[PDB]
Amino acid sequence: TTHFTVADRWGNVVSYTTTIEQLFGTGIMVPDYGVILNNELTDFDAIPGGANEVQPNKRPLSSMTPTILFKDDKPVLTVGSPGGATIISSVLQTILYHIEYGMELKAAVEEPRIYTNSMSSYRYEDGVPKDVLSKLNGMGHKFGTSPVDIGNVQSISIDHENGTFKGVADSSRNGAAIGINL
């Protein structure tokens, strides 16, 4: 999965998350055509009966969250990221840090994230204080012995006052932000 974003002189804005599911998807390549095929259908529930059960021609539940934030009807921020179910958490965290804590965009993107979808599934990035992890586990949380990177947020901010753009690529991958001048 990968997320990228683009904004142009005319006001158009794009926030696009795209994927083949696992890395290299199924691993299957169309012989003679070089196209690696997705394993997207495993995003369906393996045991049927629920909202996300497999059905012919149905689409598997995704966690991709390309998002655009607006202030007075003008787009001012785009956010998105790869990461399976953790996507929701990475996007939530970047928004929280940039909006509620008021952090500068890059710093908000780089702020150590956490993720936990149940009592048995916890992840945290390097930088979450060790004393904090010990206090949280002390209460019943189950953070592990080691950090893992979470997500990879590419984001663009748009300052309609100065008519400028700001791009950020998460250091979790070797991405690049490139401004356009003329």
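Numbering starts at 1 and runs along the sequence shown.
- Mean CA B-factor, 18-26 versus 154-162: the higher value falls on 154-162.
- Between 109-117 and 42-50, it is 42-50 that carries the larger average Cα temperature factor according to the deposited entry.
- Per the PDB record, 85 has a higher Cα B-factor than any other of 76, 85, 99, 91.
- In the PDB entry, a CA B factor belonging to the lowest third of its chain's modelled residues is recorded for residue 6.
- In the deposited entry, the Cα temperature factor of residue 68 sits in the bottom third of values across the chain's modelled residues.
- When all modelled residues of the chain are sorted by CA temperature factor, residue 123 is found within the lowest third.
- Split the chain's modelled residues into thirds by C-alpha temperature factor. Residue 132 is in the lowest one.
- Among all modelled residues in its chain, residue 36 ranks in the lowest third by Cα B-factor.
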